[PDB]
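So this first bit is one chain, no partners, the form deposited in one PDB entry, shown in structure tokens.
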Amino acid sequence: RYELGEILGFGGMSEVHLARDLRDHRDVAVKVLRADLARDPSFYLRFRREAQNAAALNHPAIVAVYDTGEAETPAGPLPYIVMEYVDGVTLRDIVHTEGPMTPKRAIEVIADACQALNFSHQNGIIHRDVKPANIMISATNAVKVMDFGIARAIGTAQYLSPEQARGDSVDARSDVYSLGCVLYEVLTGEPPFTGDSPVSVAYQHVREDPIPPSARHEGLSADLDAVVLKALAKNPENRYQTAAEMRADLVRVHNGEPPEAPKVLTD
């Protein structure tokens, strides 16, 4: 049924191919688990759980899952996920090839991502892995959020929240933080915290205030700083409490109104 074509991308756990669905005559994206990792029950299981979770989320700003299954190969079972094809590019790719977005475009993209997260949140689903590589922009300029994570027993870590680094509890305000990180990066060209290892970035997330975006790149404003720095507050109580509160402040800033977030001052 699915004639596989060119690879679209590589992630840490998978290869994603373009394919033609021969029945419905559409282009789909097929995510196939890396053959080496499929031998490890823990990766095989993670892959299966992620697909199931993502099939429970139907929304125009979330990449849809169409089908699941396992190919019986000479080397063994190889699981895959058939999903909505996004003809486009990730924010990671965008920052890499074109650099930071204009403030207005950044705001728009991140406000549209807030709608995917608000929808998932209200279905009791936390993304857990919000990061530039998991948000695409289509060739018609649609924002698409993908690769929602899964709840676990009690890729990169550069966008995780402080609670995640500490192994503390994780709710919608973790997504808010991580979306703040992405926003930070599409405005400035850099994630808020960088370092020569993951242990060092984790420490930064937990303990060090981010440089205000306006201090790191030209063409930004104090209002925009206020919003970004509020999503990046170390304590979830000080962040936007919902994706919708965050989007509301983004829309105010887009429209030239003062945000509700606390003022950020610099000298």
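We number the residues from 1 along the sequence you see. Here the rigid core means the biggest group of C-alpha atoms that line up within 1.5 Å when the two forms are laid on top of each other. Residues that one form lacks are left out of the comparison.
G155 dropped in a third or more of the other entries
Comparison shows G155 dropped in at least a third of the other entries.
Just how many deposited residues go unmodelled from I154 to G155: none, 1 to 3, 4 to 9, or 10 or more?
In the deposited sequence, 10 or more residues between these two have no coordinates.
Could you check the entry and say whether 226 to 234 or 64 to 72 has the higher mean CA B-factor?
Looking at the recorded C-alpha B-factors, 64 to 72 comes out higher on average.
Mind pulling up the entry and telling me whether 216 to 224 or 48 to 56 has the higher mean Cα temperature factor?
It is 48 to 56 that shows the higher mean C-alpha B-factor.
From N141, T90, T102, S174, which pick has the Cα B-factor that tops the rest in the entry?
Highest C-alpha B-factor among the listed options: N141.
Just to confirm, going by the entry's C-alpha B-factors, which of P192, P132, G189, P79 comes out highest?
Result of the comparison over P192, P132, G189, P79: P79.
When the modelled residues of the chain are sorted by Cα temperature factor, does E163 land in the lowest, middle or highest third?
Middle third - that is where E163 ends up once the chain's C-alpha B-factors are sorted.
Position of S42 among the chain's modelled residues by C-alpha B-factor, lowest, middle or highest third
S42: CA B-factor falls in the highest third of its chain.
For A243, does the deposited CA B-factor place it in the lowest, middle or highest third of the chain?
Lowest third.
For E84, the third of its chain into which the C-alpha B factor falls
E84: CA B-factor falls in the lowest third of its chain.
Lowest, middle or highest third: where is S178 by C-alpha B factor in its chain?
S178: CA B-factor falls in the lowest third of its chain.
What comes next is about the form deposited in another entry, which is not displayed.
Core aligned, which of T242, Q204, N53, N238 has the Cα that shifts 2 angstroms or more between the shown form and the other one?
Single residue meeting the criterion: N53.
Quick one: once the rigid core is lined up, does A38 have its C-alpha move by 2 Å or more between the shown form and the other one?
After core superposition, the C-alpha of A38 moves 2 Å or more between the shown form and the other one.
Relative to the superposed rigid core, does the CA atom of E257 travel 2 Å or more between the shown form and the other one?
After core superposition, the C-alpha of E257 moves less than 2 Å between the shown form and the other one.
By 3 Å or more, the Cα spacing of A54 and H59 differs in that other deposited form; is it closer or farther than in this view?
Pair moves farther apart in that other deposited form.
Indicate closer or farther: the Cα atoms of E50 and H59, in that other deposited form, relative to the displayed form, with a change of 3 Å or more.
Note: Cα gap between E50 and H59 widens in that other deposited form.
Which parts of the chain move between the shown form and the other one, counting only runs of three or more residues whose C-alpha shifts are all 2 Å or more after core fitting?
Only these runs move by 2 Å or more: 22 to 26, 34 to 56, 149 to 151.
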